[PDB]
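Trainee: Dropping the structure in here first, questions after.
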Ligand SMILES: *[C@@H]1O[C@H](CO)[C@@H](O[C@@H]2O[C@H](CO)[C@@H](O)[C@H](O)[C@@H]2O)[C@H](O)[C@H]1NC(C)=O
Ligand SMILES: *[C@@H]1O[C@H](CO)[C@@H](O)[C@H](O)[C@H]1NC(C)=O
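Chains as they are written, first to last, in PDB author numbering: chain A, 437 to 482, 484 to 485; chain C, 340 to 387.
Right, here's the structure in full:
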């Protein structure tokens, strides 16, 4: 536990995580990329 | 219509639908739910 270095009054949101990937992550692979996950059939590039 | 419902019954009466005579593309099953647990036992979810 380390809620003394990942915490402060008024909050912090420095950390990040990925819920949206085109496939699973194979063992020991990094996937640093910011690509909007597709829904339906739209080539959409944007949030919403 | 099993993921678009409104009154998924309580566990004391587990609603049991039957799915037959159909083509099962689980990609739609992957769209109506930001999963928290896809634990598959008999089959691998990738090969469904
Ligand atoms: C479980 O819940 C499903 C979704 O509500 C039900 O499927 C539908 O039920 C409606 C009636 O509410 C039907 O008109 C429709 O054709 C479809 O079957 C399902 O019946 C229900 N199952 C049980 C056992 O309650
Ligand atoms: C349920 O059906 C409505 C009908 O318009 C749709 O907008 C909504 O996205 C559906 N939600 C789920 C979780 O299936």
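The beta carbon of each residue, even a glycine, is placed where N, CA and C say it ideally should be.
(1) Could you check how far apart the C-beta atoms of residue 356/C and residue 341/C are, in whole angstroms? I think they sit under 8 Å.
(2) I want to check one thing, is the minimum distance from the CB of residue 464/A to the heavy atoms of ligand 2 below 7 Å?
(3) Would you say residue 354/C and residue 363/C are within 8 Å of each other, going by their C-beta atoms?
(4) Which of the three DSSP states is assigned to residue 386/C in this structure?
(5) Does any heavy atom of ligand 1 sit closer than 7 Å to the C-beta of residue 454/A?
(6) Judging by CA-CA distance, which residue of 457/A, 468/A and 437/A is the nearest neighbour of residue 370/C?
(7) Straight-line CA distance for residue 343/C to residue 374/C?
Mentor: According to the structure data:
(1) Numbered from 1 along the second chain, position 17 holds the residue referred to as residue 356/C. Numbered from 1 along the second chain, position 2 holds the residue referred to as residue 341/C. Confirmed, Cβ separation roughly 6 Å.
(2) As a working note, residue 464/A is residue 28 in the first chain. No - ligand 2 has no heavy atom lying nearer than 7 Å to the Cβ of residue 464/A.
(3) For this step, residue 354/C is matched to residue 15 along the second chain. For this step, residue 363/C is matched to residue 24 along the second chain. Not in contact: residue 354/C and residue 363/C (Cβ atoms no closer than 8 Å).
(4) As a working note, residue 386/C is residue 47 in the second chain. Annotated three-state conformation of residue 386/C is helix, per DSSP.
(5) As a working mapping, residue 454/A is identified with position 18 in the first chain. Answer for residue 454/A: no, Cβ out of range of ligand 1.
(6) Indexing the second chain from 1 puts residue 370/C at position 31. Taking only the C-alpha atoms, the option nearest residue 370/C is 457/A.
(7) Numbered from its first residue, the second chain carries residue 343/C at position 4. Numbered from its first residue, the second chain carries residue 374/C at position 35. For residue 343/C and residue 374/C, the distance between alpha carbons rounds to 15 Å.
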